[PDB]
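For reference, protein10.txt is printed below; it contains compact mmCIF, C-alpha atoms and all ligand atoms.
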```txt
# COMPACT_ATOMS: atom_id res chain seq x y z
CA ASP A 1 0.00 0.00 0.00
CA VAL A 2 1.02 3.62 -0.17
CA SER A 3 0.00 6.55 2.00
CA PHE A 4 -0.21 10.35 2.04
CA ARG A 5 -1.10 12.73 4.87
CA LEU A 6 -2.22 16.25 4.14
CA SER A 7 -1.50 17.30 7.77
CA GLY A 8 2.03 18.76 7.72
CA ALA A 9 2.33 18.01 3.97
CA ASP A 10 4.81 20.01 1.88
CA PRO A 11 6.38 19.72 -1.58
CA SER A 12 8.91 17.31 -0.20
CA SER A 13 6.42 14.89 1.48
CA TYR A 14 4.08 15.00 -1.60
CA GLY A 15 7.11 14.12 -3.80
CA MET A 16 7.84 11.13 -1.52
CA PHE A 17 4.20 9.92 -1.88
CA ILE A 18 4.32 10.23 -5.70
CA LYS A 19 7.64 8.31 -5.71
CA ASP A 20 6.02 5.62 -3.50
CA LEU A 21 2.97 5.42 -5.84
CA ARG A 22 5.23 4.97 -8.93
CA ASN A 23 7.35 2.32 -7.14
CA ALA A 24 4.29 0.38 -6.15
CA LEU A 25 3.35 -0.27 -9.78
CA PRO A 26 4.93 -3.49 -11.09
CA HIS A 27 7.04 -3.75 -14.16
CA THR A 28 9.31 -6.38 -15.81
CA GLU A 29 10.78 -4.22 -18.54
CA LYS A 30 11.72 -0.56 -19.17
CA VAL A 31 11.34 0.98 -22.60
CA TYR A 32 13.72 3.90 -23.24
CA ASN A 33 14.51 3.85 -19.47
CA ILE A 34 10.73 4.27 -18.63
CA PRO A 35 8.90 1.49 -16.69
CA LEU A 36 6.46 -0.42 -18.86
CA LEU A 37 3.27 -1.25 -17.03
CA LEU A 38 2.16 -4.93 -17.12
CA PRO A 39 -0.26 -6.19 -19.82
CA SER A 40 -2.41 -7.80 -17.05
CA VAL A 41 -2.31 -8.89 -13.39
CA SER A 42 -4.77 -11.59 -12.15
CA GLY A 43 -6.77 -11.41 -8.95
CA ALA A 44 -6.49 -8.96 -6.11
CA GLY A 45 -2.82 -8.16 -7.05
CA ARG A 46 -4.21 -5.95 -9.80
CA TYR A 47 -5.20 -3.30 -7.24
CA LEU A 48 -3.02 -0.93 -5.29
CA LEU A 49 -4.57 0.67 -2.18
CA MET A 50 -3.76 4.32 -1.51
CA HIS A 51 -4.50 5.54 1.98
CA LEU A 52 -5.16 9.27 1.91
CA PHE A 53 -5.62 11.44 5.01
CA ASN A 54 -7.14 14.86 5.11
CA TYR A 55 -5.77 17.63 7.34
CA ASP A 56 -8.05 16.46 10.23
CA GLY A 57 -6.75 12.95 9.94
CA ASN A 58 -9.89 11.36 8.42
CA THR A 59 -9.13 8.88 5.63
CA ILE A 60 -10.27 7.16 2.48
CA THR A 61 -8.64 4.21 0.76
CA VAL A 62 -8.48 4.47 -3.04
CA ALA A 63 -8.15 1.37 -5.23
CA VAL A 64 -5.92 1.80 -8.26
CA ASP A 65 -5.56 -0.69 -11.18
CA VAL A 66 -1.69 -1.27 -11.38
CA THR A 67 -1.72 -1.84 -15.16
CA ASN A 68 -3.10 1.54 -16.19
CA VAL A 69 -3.19 3.74 -12.96
CA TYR A 70 -7.01 4.02 -13.27
CA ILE A 71 -8.83 4.66 -10.03
CA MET A 72 -11.56 2.00 -9.69
CA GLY A 73 -13.28 3.13 -6.43
CA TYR A 74 -12.58 3.98 -2.81
CA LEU A 75 -13.64 3.13 0.72
CA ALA A 76 -14.94 5.82 3.10
CA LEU A 77 -15.77 4.53 6.55
CA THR A 78 -17.89 1.40 6.03
CA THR A 79 -19.16 2.30 2.56
CA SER A 80 -17.39 1.41 -0.70
CA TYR A 81 -17.95 3.43 -3.91
CA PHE A 82 -17.09 2.25 -7.45
CA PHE A 83 -17.33 3.82 -10.86
CA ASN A 84 -20.16 2.62 -13.11
CA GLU A 85 -17.94 0.59 -15.50
CA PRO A 86 -17.02 -3.05 -16.00
CA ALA A 87 -13.40 -2.73 -14.79
CA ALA A 88 -14.64 -1.17 -11.59
CA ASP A 89 -17.35 -3.75 -11.04
CA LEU A 90 -14.67 -6.40 -11.49
CA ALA A 91 -12.45 -4.61 -8.94
CA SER A 92 -15.36 -4.66 -6.45
CA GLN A 93 -15.01 -8.46 -6.42
CA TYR A 94 -11.60 -8.09 -4.88
CA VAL A 95 -11.32 -4.87 -2.81
CA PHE A 96 -13.25 -3.45 0.20
CA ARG A 97 -15.28 -6.68 0.39
CA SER A 98 -15.67 -6.03 4.16
CA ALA A 99 -17.66 -2.77 3.60
CA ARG A 100 -21.19 -2.76 4.99
CA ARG A 101 -22.57 -1.33 1.76
CA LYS A 102 -21.41 -0.77 -1.81
CA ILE A 103 -22.58 2.21 -3.80
CA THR A 104 -22.11 2.34 -7.56
CA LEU A 105 -21.44 5.94 -8.59
CA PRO A 106 -23.68 7.41 -11.28
CA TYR A 107 -20.98 7.78 -13.85
CA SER A 108 -17.91 5.97 -15.18
CA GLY A 109 -14.40 7.21 -14.43
CA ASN A 110 -13.58 8.94 -17.62
CA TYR A 111 -12.80 12.60 -17.71
CA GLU A 112 -15.68 13.44 -20.06
CA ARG A 113 -18.31 11.69 -17.94
CA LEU A 114 -16.93 13.12 -14.72
CA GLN A 115 -16.91 16.67 -16.15
CA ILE A 116 -20.60 16.23 -17.11
CA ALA A 117 -21.48 15.10 -13.56
CA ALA A 118 -19.46 17.87 -11.97
CA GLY A 119 -20.94 20.55 -14.20
CA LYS A 120 -17.54 21.96 -15.23
CA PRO A 121 -14.49 20.95 -17.31
CA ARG A 122 -11.06 20.25 -15.73
CA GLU A 123 -9.80 23.61 -17.02
CA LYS A 124 -12.01 25.42 -14.51
CA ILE A 125 -11.44 23.24 -11.44
CA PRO A 126 -8.54 24.38 -9.24
CA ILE A 127 -6.11 21.64 -8.14
CA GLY A 128 -3.39 21.56 -5.55
CA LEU A 129 -2.80 20.07 -2.14
CA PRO A 130 -5.58 22.14 -0.47
CA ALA A 131 -7.96 20.93 -3.18
CA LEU A 132 -6.95 17.34 -2.43
CA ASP A 133 -7.76 17.88 1.27
CA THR A 134 -11.18 19.15 0.17
CA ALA A 135 -11.66 16.19 -2.17
CA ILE A 136 -10.93 13.63 0.59
CA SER A 137 -13.39 15.47 2.88
CA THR A 138 -16.07 15.52 0.14
CA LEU A 139 -15.67 11.75 -0.54
CA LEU A 140 -16.16 10.88 3.11
CA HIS A 141 -19.95 11.25 2.79
CA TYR A 142 -21.83 10.48 -0.36
CA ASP A 143 -22.79 13.34 -2.66
CA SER A 144 -22.51 12.21 -6.30
CA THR A 145 -22.33 15.74 -7.87
CA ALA A 146 -19.67 16.98 -5.33
CA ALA A 147 -17.88 13.61 -5.63
CA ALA A 148 -17.43 14.08 -9.44
CA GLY A 149 -15.42 17.26 -8.91
CA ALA A 150 -13.58 15.75 -5.98
CA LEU A 151 -12.60 12.76 -8.17
CA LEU A 152 -11.35 15.01 -10.95
CA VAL A 153 -9.04 16.57 -8.31
CA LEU A 154 -8.05 13.22 -6.90
CA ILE A 155 -7.20 11.68 -10.26
CA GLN A 156 -5.00 14.57 -11.28
CA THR A 157 -3.12 14.97 -8.03
CA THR A 158 -2.38 11.24 -7.71
CA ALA A 159 -2.44 9.23 -11.01
CA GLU A 160 -1.55 12.02 -13.41
CA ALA A 161 1.32 13.21 -11.16
CA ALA A 162 2.60 9.59 -10.95
CA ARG A 163 2.56 9.52 -14.82
CA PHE A 164 4.23 12.84 -15.48
CA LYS A 165 7.02 14.61 -13.64
CA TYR A 166 5.78 17.95 -14.91
CA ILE A 167 2.33 17.32 -13.30
CA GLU A 168 3.96 16.30 -9.99
CA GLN A 169 5.89 19.61 -10.10
CA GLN A 170 2.67 21.55 -10.92
CA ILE A 171 1.01 20.12 -7.80
CA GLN A 172 4.11 20.90 -5.69
CA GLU A 173 3.81 24.53 -6.83
CA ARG A 174 0.21 24.36 -5.55
CA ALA A 175 1.13 22.96 -2.12
CA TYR A 176 -0.55 25.93 -0.30
CA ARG A 177 -2.57 27.63 -3.00
CA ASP A 178 -4.81 25.95 -5.58
CA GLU A 179 -4.81 26.89 -9.21
CA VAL A 180 -6.55 25.50 -12.29
CA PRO A 181 -4.20 23.10 -14.24
CA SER A 182 -1.94 24.65 -16.93
CA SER A 183 -2.99 23.94 -20.53
CA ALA A 184 0.23 21.78 -20.73
CA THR A 185 -1.09 19.65 -17.82
CA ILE A 186 -4.40 19.01 -19.58
CA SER A 187 -2.46 18.25 -22.80
CA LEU A 188 -0.27 15.57 -21.10
CA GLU A 189 -3.24 13.90 -19.38
CA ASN A 190 -5.05 13.63 -22.62
CA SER A 191 -1.95 12.29 -24.49
CA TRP A 192 -0.71 9.68 -22.03
CA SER A 193 -2.11 6.68 -23.90
CA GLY A 194 -0.90 8.11 -27.28
CA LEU A 195 2.57 8.85 -25.91
CA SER A 196 2.89 5.46 -24.27
CA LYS A 197 1.93 3.80 -27.61
CA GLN A 198 4.43 5.90 -29.69
CA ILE A 199 7.35 5.27 -27.29
CA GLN A 200 6.73 1.57 -27.48
CA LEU A 201 6.46 1.70 -31.37
CA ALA A 202 9.70 3.74 -31.52
CA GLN A 203 11.41 0.50 -30.52
CA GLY A 204 11.67 -1.09 -33.99
CA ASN A 205 11.59 2.33 -35.59
CA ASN A 206 14.96 3.82 -34.55
CA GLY A 207 13.48 5.91 -31.73
CA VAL A 208 11.04 7.65 -34.22
CA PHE A 209 7.28 7.90 -33.50
CA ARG A 210 5.13 6.18 -36.16
CA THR A 211 2.67 9.03 -35.52
CA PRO A 212 3.67 12.41 -34.01
CA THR A 213 1.97 13.40 -30.73
CA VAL A 214 0.69 16.98 -30.52
CA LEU A 215 1.18 18.71 -27.11
CA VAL A 216 0.89 22.17 -25.50
CA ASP A 217 4.14 23.34 -23.79
CA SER A 218 4.94 25.28 -20.52
CA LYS A 219 4.65 28.66 -22.21
CA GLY A 220 1.34 27.72 -23.65
CA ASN A 221 2.68 26.98 -27.16
CA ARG A 222 1.60 23.95 -29.23
CA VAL A 223 4.47 21.56 -30.02
CA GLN A 224 4.86 18.30 -32.04
CA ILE A 225 6.65 15.27 -30.44
CA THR A 226 8.27 13.08 -33.09
CA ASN A 227 10.92 10.98 -31.46
CA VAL A 228 12.33 9.68 -28.13
CA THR A 229 14.93 12.49 -27.79
CA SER A 230 12.11 14.87 -26.85
CA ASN A 231 12.16 16.24 -23.25
CA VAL A 232 8.63 14.70 -22.86
CA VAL A 233 10.25 11.25 -23.23
CA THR A 234 13.66 11.80 -21.57
CA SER A 235 12.59 13.91 -18.54
CA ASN A 236 8.76 13.90 -18.02
CA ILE A 237 6.79 10.68 -18.67
CA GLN A 238 7.38 8.19 -15.78
CA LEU A 239 5.12 5.20 -16.65
CA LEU A 240 4.01 3.63 -19.92
CA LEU A 241 0.57 2.16 -20.59
CA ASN A 242 1.21 -1.25 -22.27
CA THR A 243 0.19 -1.27 -26.03
CA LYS A 244 -1.68 -4.54 -25.20
CA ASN A 245 -4.17 -2.27 -23.33
CA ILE A 246 -4.39 0.35 -26.11
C1 LIG A 301 -6.09 8.10 -13.64
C2 LIG A 301 -7.38 7.58 -13.09
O1 LIG A 301 -7.33 7.06 -11.99
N1 LIG A 301 -8.55 7.67 -13.77
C3 LIG A 301 -8.92 8.24 -15.07
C4 LIG A 301 -9.77 7.21 -15.85
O2 LIG A 301 -10.91 6.91 -15.07
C5 LIG A 301 -10.17 7.66 -17.27
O3 LIG A 301 -10.34 6.54 -18.14
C6 LIG A 301 -11.62 6.43 -18.71
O4 LIG A 301 -12.53 5.79 -17.79
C7 LIG A 301 -12.77 4.39 -17.95
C8 LIG A 301 -11.52 3.58 -17.60
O5 LIG A 301 -11.19 3.86 -16.23
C9 LIG A 301 -13.37 4.10 -19.33
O6 LIG A 301 -14.79 4.02 -19.14
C10 LIG A 301 -13.14 5.23 -20.33
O7 LIG A 301 -13.39 4.74 -21.66
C11 LIG A 301 -11.78 5.95 -20.17
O8 LIG A 301 -10.67 5.16 -20.62
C12 LIG A 301 -9.12 8.56 -17.93
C13 LIG A 301 -9.64 9.33 -19.15
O9 LIG A 301 -10.89 9.93 -18.89
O10 LIG A 301 -8.55 9.47 -17.01
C14 LIG A 301 -7.84 8.74 -16.03
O11 LIG A 301 -6.85 9.58 -15.46
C1 LIG A 302 13.52 14.59 -32.86
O1 LIG A 302 13.00 15.61 -32.01
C2 LIG A 302 13.83 16.77 -31.90
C3 LIG A 302 13.19 17.77 -30.94
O2 LIG A 302 13.15 17.22 -29.63
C4 LIG A 302 13.99 17.40 -33.28
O3 LIG A 302 14.88 18.52 -33.19
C5 LIG A 302 14.58 16.37 -34.25
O4 LIG A 302 14.66 16.94 -35.56
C6 LIG A 302 13.66 15.14 -34.28
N1 LIG A 302 14.25 14.12 -35.15
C7 LIG A 302 13.46 13.19 -35.73
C8 LIG A 302 14.07 12.14 -36.62
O5 LIG A 302 12.26 13.21 -35.53
```

So that I can check it, write out the structure of this file as structure tokens.
Amino acid sequence: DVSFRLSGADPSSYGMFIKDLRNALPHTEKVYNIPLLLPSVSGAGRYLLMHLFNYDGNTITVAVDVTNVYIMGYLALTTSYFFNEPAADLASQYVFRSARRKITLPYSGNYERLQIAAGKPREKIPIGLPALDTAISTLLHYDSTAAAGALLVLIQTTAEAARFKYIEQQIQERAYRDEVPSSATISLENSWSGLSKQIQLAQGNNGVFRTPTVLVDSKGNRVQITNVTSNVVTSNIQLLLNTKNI
């Protein structure tokens, strides 16, 4: 399992959590020095449990699929909650079985569905460590509209930061003040599967992407990624989604 406490948290302790979360995901191979997530993991071993604690010390446990870093559901007190999707229903056969009750959320876990439920796109929802404290608090008692926004914060400040060094740094900059994600952050989230695929196809193709990935950069300018020498590949992406799952 991995853990993070918002009480006393700083950029340093958040960076330790994100390192722990990365190191908890199994791999047997690296591709261009980046860990390649497993094609599949059978049984309960396919779920990592993240124990998150709000500033007041209350906690939820989040279940993460180790092959794709997708959050499946979470436990809050004696109630489990799962996204309305087959992967999550399958996860509910393995995790938080001891919960008194299981609620299926009224939406799947994809960004588009969550944004619909929350009533706003990611671009307008501030993220940061204070926003993560709020999200944990919100998830502690069921409210499916408030939970959608909370989950958009939770996904970005955990899974997306594990996947991209730049996003981890963006959250560290928001340790004590929330701010909506940069356009580059949104860009990277949206391109993770694409990037992971192109880096894996570059093996067999002399480090060259079969198809170029379009991204927005730090200064807000729109760049094209064509090969593994790009900073996105050498210094940013930390985990690769297996092409078997793409
Ligand atoms: C990173 C994380 O924990 N969660 C989200 C994913 O939920 C989401 O994936 C989508 O949701 C499900 C698979 O979980 C599926 O119904 C969709 O087709 C889609 O793949 C993803 C993109 O919205 O964002 C991740 O970060
Ligand atoms: C690889 O990407 C770099 C930019 O990071 C670019 O300058 C170079 O021309 C590209 N080469 C190929 C073969 O794509």

Return as JSON the box centre and box size in Å, one decimal, for an axis-aligned box around all listed atoms of ligand LIG 302 (chain A) padded by 6 Å per side.
```
{"center_x": 13.6, "center_y": 15.3, "center_z": -33.1, "size_x": 14.6, "size_y": 18.4, "size_z": 19.0}
```

Next item on the list: Enumerate residues in contact with ligand LIG 301 (chain A): an atom-to-atom distance of at most 10 Å, counting all atoms listed in the file. Format the result as a VMD selection string.
Entry: chain A and resid 62 to 65 68 to 73 83 to 88 107 to 115 151 to 152 154 to 163 189 to 193 246

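Shortest separation to ligand LIG 302 (chain A) among A:186, A:241, A:90, A:233 occurs at residue A:233, atoms counted being only C-alpha atoms and all ligand atoms.
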
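The smallest atom-to-atom distance between residue 125 in chain A and any of A:76, A:91, A:180, A:18, using only C-alpha atoms, is found for A:180.
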
Against ligand LIG 302 (chain A), which residues of chain A fall within 6 Å? For each one I want the closest pair of atoms and the distance in Å (one decimal), counting only C-alpha atoms and all ligand atoms, rows by chain and increasing residue number, as CSV.
```
residue,atom,partner,partner_atom,distance
A:208,CA,A:LIG302,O5,5.8
A:226,CA,A:LIG302,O5,4.7
A:227,CA,A:LIG302,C1,4.7
A:229,CA,A:LIG302,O2,5.4
A:230,CA,A:LIG302,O2,3.8
```

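Neighbouring residues of residue 4 in chain A at 7 Å or closer, counting only C-alpha atoms and skipping chain neighbours under 2 positions away, are residues 6, 17, 51, 52 and 53 of chain A.
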
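Our summary of the geometry notes that CA of residue 129 in chain A is positioned 23.2 Å from CA of residue 220 in chain A.
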
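Here CA of residue 136 in chain A is placed at a distance of 27.1 Å from CA of residue 236 in chain A.
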
Item checked: Expected residue set, 9 Å radius at (-0.4, 16.0, -28.3), all atoms listed in the file, as number ranges by chain -> A: 187-188, 190-192, 194-195, 212-216, 222-225

Next item on the list: Skip residue 8 in chain A itself and residues of its chain fewer than 6 positions away, then list as a ChimeraX atom specification all residues within 12 Å of it, counting only C-alpha atoms.
Entry: /A:14,53-57,129-130,133,175-176

Margin query: Which residues are close to residue 245 in chain A, i.e. within 10 Å by only C-alpha atoms, leaving aside same-chain residues fewer than 6 positions away? Reply as a ChimeraX atom specification.
Written below: /A:37-40,67-68,193,197

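Proximity of A:199, A:44, A:49, A:66 to residue 26 in chain A, computed with all atoms listed in the file, is greatest for A:66.
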
Next item on the list: Fewer than 5 positions away in the same chain doesn't count, so skip those; otherwise give me all residues within 10 Å of residue 149 in chain A, counting all atoms listed in the file, as a ChimeraX atom specification.
Entry: /A:114-122,125-126,135,138,144,154
